[PDB]
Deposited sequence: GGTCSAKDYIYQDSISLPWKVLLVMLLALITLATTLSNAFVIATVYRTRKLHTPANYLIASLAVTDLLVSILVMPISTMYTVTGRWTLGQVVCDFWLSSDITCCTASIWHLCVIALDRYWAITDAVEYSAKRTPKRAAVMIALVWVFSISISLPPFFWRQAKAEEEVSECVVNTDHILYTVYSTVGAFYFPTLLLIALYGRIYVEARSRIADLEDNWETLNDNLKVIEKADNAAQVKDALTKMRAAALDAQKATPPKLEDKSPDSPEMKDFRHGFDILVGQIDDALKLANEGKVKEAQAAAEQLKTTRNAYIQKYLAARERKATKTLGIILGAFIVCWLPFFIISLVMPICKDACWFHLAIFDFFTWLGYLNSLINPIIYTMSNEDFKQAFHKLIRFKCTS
């Protein structure tokens, strides 16, 4: 029985048009993300390479799996033969597993960057990124390779004979990566929370000590509030969590919040020199410059407190669960309920995640956002 045989001609052609536009929108949205990393020299960093390889996996899903699926989902019958069926099922398992595992490799990279910044800076290289990507693909192909027990060769479905592999495939491909992502997001969320809580205190110490220099009575009072201000600025500079946007070291970092403390420290040192010279009135007058420099970084400070990197990783985590949790839940309860339409809906729900992810990055990451605005000639 095929439930699709009951669907009318107008609803069938509309369903083909909806599915074909999702497939096309996934291909172009991921093609944009790949080209943007490739074309922009500023984006040639291991972190953006992981975005670019996630976009490559999602592009293969849109070329090897989704077009050839639209017809099978709407008609409900396989007409391409056994050989094409073998490659289609395996490219569905391999690319979707690669898609899921790219997400935790991006999270692993963000976790190490926010949790172990000094030790990781030396290890975060494009060679490291390649080795991790190869491992993801080798693990992806290894998941789809065992159901080749088809010693027998209208219907095209993956081998459901061995319950032990069926659950290993579901765990290795989904349940293990989600538990890793929850743990990874948890540590990242808590890291950023304490990093902005420290940034808030160092910012307040900077503001209050800046008030003291103005209302100072002694030279020793001026000199002390300056060294305290000096220490808080460099502490605020380390407290500020990493941005969502990743740029290569060889790129001008103007109006950057972390740079504001560098020029500010330079000014605090210039003022302490006059204080050590004996020109305290001049050292006090240097606070008028410090006041304006601080005033120019308030907007960049208030921006840091919003933790865009963890916020957007939360939206990706959220988008990943809401897209794949129904599929892998039904995938486990199916051997042990409603019709085959809910399986077709939940497969496409997982497919949709290949489109949601590149639109989340290009709306959130300002490098990808400005690249898009350039593409459609919008200012």
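The chain's deposited sequence has unresolved stretches at 1-8, 162-167, 351-355, 399-401, with no C-alpha coordinates there.
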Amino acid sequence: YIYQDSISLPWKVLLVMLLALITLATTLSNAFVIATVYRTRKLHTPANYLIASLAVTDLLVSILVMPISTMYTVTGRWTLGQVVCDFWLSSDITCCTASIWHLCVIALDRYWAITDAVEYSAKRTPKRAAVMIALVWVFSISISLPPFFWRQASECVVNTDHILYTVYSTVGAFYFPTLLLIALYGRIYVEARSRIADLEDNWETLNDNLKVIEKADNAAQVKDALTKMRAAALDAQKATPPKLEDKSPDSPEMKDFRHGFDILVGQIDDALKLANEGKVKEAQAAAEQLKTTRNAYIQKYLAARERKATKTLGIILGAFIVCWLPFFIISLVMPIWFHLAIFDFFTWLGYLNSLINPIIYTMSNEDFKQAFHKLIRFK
From here on, numbers count along this sequence of modelled residues.
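The stretch 215-223 shows the higher mean C-alpha B-factor when 231-239 is compared against 215-223 in the entry. In this entry, the higher average B-factor at the C-alpha atoms falls on 163-171, of the pair 101-109 and 163-171. Take 342, 56, 315, 50 and read off each C-alpha B-factor from the entry; 342 has the highest. Remark: residue 250 belongs to the highest third of its chain, ranked by C-alpha B-factor as recorded. When the modelled residues of the chain are ordered by their C-alpha B factor, residue 116 lands in the middle third.
Split the chain's modelled residues into thirds by C-alpha temperature factor. Residue 41 is in the highest one. Compared with the other modelled residues of the chain, the Cα B-factor recorded for residue 321 ranks in the middle third. Sort the modelled residues of the chain by CA B factor and residue 67 lands in the middle third.
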